[PDB]
Protein chains: 4
Amino acid sequence: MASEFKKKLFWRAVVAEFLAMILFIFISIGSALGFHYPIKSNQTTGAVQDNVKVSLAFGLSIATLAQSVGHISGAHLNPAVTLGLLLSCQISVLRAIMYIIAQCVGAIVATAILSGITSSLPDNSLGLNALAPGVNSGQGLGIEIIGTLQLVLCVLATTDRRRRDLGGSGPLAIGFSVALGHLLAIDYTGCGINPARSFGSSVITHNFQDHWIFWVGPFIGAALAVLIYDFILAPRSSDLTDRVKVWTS
Amino acid sequence: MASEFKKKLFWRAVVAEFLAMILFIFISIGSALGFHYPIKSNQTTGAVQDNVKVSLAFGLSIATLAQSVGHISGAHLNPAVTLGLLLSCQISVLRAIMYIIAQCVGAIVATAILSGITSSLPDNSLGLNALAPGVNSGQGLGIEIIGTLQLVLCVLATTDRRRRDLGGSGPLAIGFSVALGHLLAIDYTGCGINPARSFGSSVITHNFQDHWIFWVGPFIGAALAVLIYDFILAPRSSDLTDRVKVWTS
Amino acid sequence: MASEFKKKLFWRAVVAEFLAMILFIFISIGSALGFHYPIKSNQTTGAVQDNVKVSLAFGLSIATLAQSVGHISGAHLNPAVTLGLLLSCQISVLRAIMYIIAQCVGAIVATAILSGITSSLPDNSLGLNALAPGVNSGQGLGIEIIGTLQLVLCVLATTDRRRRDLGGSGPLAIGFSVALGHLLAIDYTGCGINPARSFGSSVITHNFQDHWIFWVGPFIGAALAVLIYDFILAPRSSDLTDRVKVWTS
Amino acid sequence: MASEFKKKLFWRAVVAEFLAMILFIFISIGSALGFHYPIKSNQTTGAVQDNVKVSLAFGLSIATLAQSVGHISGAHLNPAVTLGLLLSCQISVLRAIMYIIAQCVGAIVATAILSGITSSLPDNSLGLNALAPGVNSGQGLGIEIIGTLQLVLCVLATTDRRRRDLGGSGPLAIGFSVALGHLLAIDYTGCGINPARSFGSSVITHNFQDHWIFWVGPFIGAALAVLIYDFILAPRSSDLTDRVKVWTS
Ligand SMILES: CCCCCCCCCO[C@@H]1O[C@H](CO)[C@@H](O)[C@H](O)[C@H]1O
Ligand SMILES: CCCCCCCCCO[C@@H]1O[C@H](CO)[C@@H](O)[C@H](O)[C@H]1O
Ligand SMILES: CCCCCCCCCO[C@@H]1O[C@H](CO)[C@@H](O)[C@H](O)[C@H]1O
Ligand SMILES: CCCCCCCCCO[C@@H]1O[C@H](CO)[C@@H](O)[C@H](O)[C@H]1O
Ligand SMILES: CCCCCCCCCO[C@@H]1O[C@H](CO)[C@@H](O)[C@H](O)[C@H]1O
Ligand SMILES: CCCCCCCCCO[C@@H]1O[C@H](CO)[C@@H](O)[C@H](O)[C@H]1O
Ligand SMILES: CCCCCCCCCO[C@@H]1O[C@H](CO)[C@@H](O)[C@H](O)[C@H]1O
Ligand SMILES: CCCCCCCCCO[C@@H]1O[C@H](CO)[C@@H](O)[C@H](O)[C@H]1O
Ligand SMILES: CCCCCCCCCO[C@@H]1O[C@H](CO)[C@@H](O)[C@H](O)[C@H]1O
Ligand SMILES: CCCCCCCCCO[C@@H]1O[C@H](CO)[C@@H](O)[C@H](O)[C@H]1O
Ligand SMILES: CCCCCCCCCO[C@@H]1O[C@H](CO)[C@@H](O)[C@H](O)[C@H]1O
Ligand SMILES: CCCCCCCCCO[C@@H]1O[C@H](CO)[C@@H](O)[C@H](O)[C@H]1O
């Protein structure tokens, strides 16, 4: 349907999806750069990053944001999730598209507002996702794939709809999945599992080194997610030709 | 209405809001100062603050307190939240006012009971909020603004009332928002996102250096919250003139 | 009532309350002593205790145990909680009594099973609660009082019964209250807020130095809890003489 | 019943139970090895493992996985849990069996996919469970027994079915039980409380030193679990001969 305020609701989503991504990145990357703050106009040694601190920053950002606007847009805030839904035929490409853009832009916008907030920092990488020393790049992409997979998979089961056994908070569970991802990937690849988030940093930093692994890995994981839930473990009893109909509306 | 025990309930709130703030500050700042405790009448080096420990101390204090008296007063415990509700026209100024005072006083009272509990500590700052070395003050206030924003925004969506899709604990979600805030702001500004909490420490310590950023930043974030939820993402279909009516009762 | 299996249910509680305390202490103190394990028949320096690790160990033990047997006995596992209920006239002294004993014994039993598990440790204090260097003993008891207070208060509101606005898990909330307590008191007094738990260690270690503060402090906090919830913030509209009736059955 | 798609559902479980174990181990052991990553073709000192990071990695993996496929197979992902259910006569041996195999294999498969992901690591133990220096082996098995016990016990109470007082998320609670286990056992035995998980590492590493303690300990704890819940604290009013019937179907 493309009439009356069916226009409104839609744009409100895209917009909520756009504003929410700003808070997400600002808060999360904002938390990650916080350890570089022993600063006092000097330059002697440095502090050790806290992986729990960062993983919770990202995960709780999502739990909170999903709780704050999840009813308005579905609180995707991540192309790997959106793409996950799309292939599940639960969303329209018009949506996927407009959303993934609101996402990358919000990231780009947020990652760029931090540059000013934390300008006073040296080799300010702005939390750019980079293959860590010792991680066999490429084959080191099994990390992003599994990290995004488990996430998208959680999102599909949590919004399955045929279920009546869910208990507790959908947001919190999805958020903990997001923290679970970083508890796994922070060390290896700095954890991306979210194309728009990786993208936002690599642009405001013009560093796109291997940046491709942060799209192919999640988008793949999403693919494995939709394949495993929708066809192996929890299949719909309807035919493909009809699911596809969702592609338009 | 201003009759019968409509007086009682009201004062019970203010009071619960006042007592709850005491536990809040005592527990939280109480946790933050705990790392300074390697003490043994000596003075050699010192321990490194734990940001997860502190962020959870604050967040769980709220989750717990919101659970303990949230039904009695709404468990605001924070002018930025109260102010957030007020502008949303969900509360009366008589309330906002009496509450924000119960808040600052509880802080002031709590921050002052700790002085005795932890008197045996050196440069006892009593967890006073201070711009960290390297944070471009002022423009370093985007931290408090975002930190309080995301919080107040969560509180507005969580108590939206038109919703029937909330699942899990409202308290816990709000509490995690409060921990999310510190996971972001502890390093930069010591995290305030709560005027009364900052205020309580700066008074029992007579240090009001830049203390203004801890009111303008949250109160602003609250403003951005109410603007984004009430007018951009989740608008009420009623007119302003009628919402305003709430200003009195 | 004291007929039929009203005997059974009762004893099943006491017993569940007794068995659950064993797991509690074993797991929690078990976690706390774990950092002393760099051991290799040598004796060079030592590791720094993790306060989040310990606070979660205790809190999640409770969340889990309250979830596992909370329907059977109410999952008190703590004289300060039991005593809290008793004064609230929600339990019978026959219960309070039989329970507090199942508690101290379980502690005593558990604290004593660890002695063997961790015998290979040096100055094995078995997690005994001790006033930390720098904490003005006595006036340093405001810690246990606030720590137990906030806890018991959460338990009273969470089982209030007149409420229909609770959402999420009662166990988890109470558990997080228990973790909140340690995030506050670990540094100062090693955190007790639970007479039976302190007691269990001080007996298998014959160290009762100031051990009194771990009964007077919590039991007091409980008192402040029942006073604040039952008479100031959430009063019952019934008279005292009738509540007292509960003292017997 | 062994007709129609009663075959399908069954295999879908086994399979979901098999795929879910892969993500579990990959993510969790994946997180545990992450601290060994300061690597830069050098070899100077090393980082200190984070026990909260690891405990949450395991626990949230379960919370997430139980949420993702718990409706399909029950999300056991652990012989000690399965075995726990079996003895409770809530599952068929045909199930227990096919499941425990899907488990060990998934572990074996996962533990083997990491070998490649983290090949670039030195004495890559692949998170193999080993008795820590100072832990009186054997009598040091009280750890695995208690760790698995508390877990299985939580799973039995959480799926009790006669209950109508559960609140919140069953998955999250079980997940926190899994994190609780590691907060206790990581230091002592590297925490197993899950035969298939220990097994998976010891095979891809051909190190089976004491590996027996990781079966006898959990399987025992499970036994103590089913004994305590099903016969001491929460008994069914039916006779044994009829429960046994479940052994077949
Ligand atoms: C339904 C059948 C499911 C089978 C699942 C087993 C998949 C095994 C593939 O492992 C992959 O090996 C690559 C190197 O060859 C790595 O680069 C990659 O990161 C890793 O993931
Ligand atoms: C509707 C939002 C559209 C956002 C478009 C972003 C395009 C990419 C350029 O980003 C810019 O990067 C600069 C630093 O390099 C910042 O100083 C500047 O402020 C920021 O804008
Ligand atoms: C189905 C959705 C597909 C989305 C594809 C968008 C990928 C993002 C593009 O990254 C680009 O990579 C180039 C190197 O390859 C860089 O030179 C360029 O500056 C950078 O912007
Ligand atoms: C509906 C439109 C929403 C647009 C949101 C983008 C806002 C960009 C403003 O960034 C602000 O820049 C200041 C310096 O100029 C910083 O001091 C301040 O902390 C930072 O927040
Ligand atoms: C109904 C509660 C009213 C509280 C009013 C507080 C006013 C500010 C003064 O605080 C005082 O600071 C002293 C340390 O400087 C403490 O020694 C003293 O105990 C504390 O009271
Ligand atoms: C709409 C709500 C407005 C609340 C305004 C209260 C602000 C708190 C006042 O702080 C004051 O700042 C001064 C410096 O400017 C200090 O000299 C003074 O000692 C300190 O108390
Ligand atoms: C309804 C009125 C509530 C008033 C609450 C304020 C209580 C102030 C008491 O502080 C107490 O001061 C003692 C030293 O004098 C400390 O030893 C003790 O630990 C500390 O808690
Ligand atoms: C029904 C349970 C009753 C428990 C009574 C406990 C009384 C206190 C003595 O504890 C004992 O301490 C010894 C170490 O000092 C341990 O070696 C011994 O095993 C343990 O029993
Ligand atoms: C209303 C409930 C009251 C419970 C009271 C029980 C308190 C526990 C007793 O501790 C005792 O303290 C003595 C020193 O004072 C020690 O010498 C003795 O060995 C030790 O066992
Ligand atoms: C219903 C009655 C329940 C009684 C529970 C008390 C059990 C005491 C057994 O302790 C066990 O002692 C062994 C050494 O002898 C240790 O190797 C083992 O790890 C430890 O667990
Ligand atoms: C249906 C899944 C069946 C899995 C059977 C696993 C048998 C045990 C052998 O594991 C193998 O270990 C090698 C390293 O030693 C890996 O290089 C190889 O890839 C992996 O397969
Ligand atoms: C009721 C379920 C019983 C499951 C029993 C399976 C136990 C796993 C076998 O471990 C084996 O231990 C041997 C040493 O004893 C090793 O030599 C051998 O390589 C290793 O594979």
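Chain letters run A, B, ... following the sequence lines, proteins first and then strands; every chain starts at 1. In each ligand, atom 1 is the first atom listed, and ligand 1 is the first ligand listed. In what follows, every heavy atom counts, from backbone to side chain, and hydrogens, waters and symmetry copies are set aside.
- Nearest protein heavy-atom neighbour of atom 12 (O) of ligand 8: C/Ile204 CD1, 3.8 Å.
- Of the protein's non-hydrogen atoms, C/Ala112 CB, 4.9 Å is the one closest to atom 19 (O) of ligand 8.
- Every atom of ligand 8 is numbered from 1 in the order shown, and the set under 4.0 Å from a heavy atom of C/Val105 is 2 (C), 3 (C).
- Considering C/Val109, C/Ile108, C/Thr205 only, the shortest heavy-atom separation from atom 8 (C) of ligand 8 involves C/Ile108.
- Taking the six-membered ring where the residue is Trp, A/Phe214 and A/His211 present perpendicular rings, their angle passing 60° and hence far from 30°.
- Side-chain contact check for D/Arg197 versus D/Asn78: every heavy-atom pair is 4.5 Å or farther apart.
- Inter-residue side-chain proximity for A/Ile143 and D/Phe26 is flagged as met; some heavy-atom pair is nearer than 4.5 Å.
- When distances from atom 2 (C) of ligand 11 to the protein are checked, a heavy atom turns up under 4.0 Å.
- Formation of a donor-acceptor pair under 3.5 Å by the B/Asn136 side chain with backbone atoms of A/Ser120 is not found in this model.
- Judged as a side chain to side chain donor-acceptor pair (under 3.5 Å), and not counting sequence neighbours, the contacts of B/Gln150 are B/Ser177.
- Distance check on atom 6 (C) of ligand 11: some protein heavy atom falls below the 4.0 Å cut-off.
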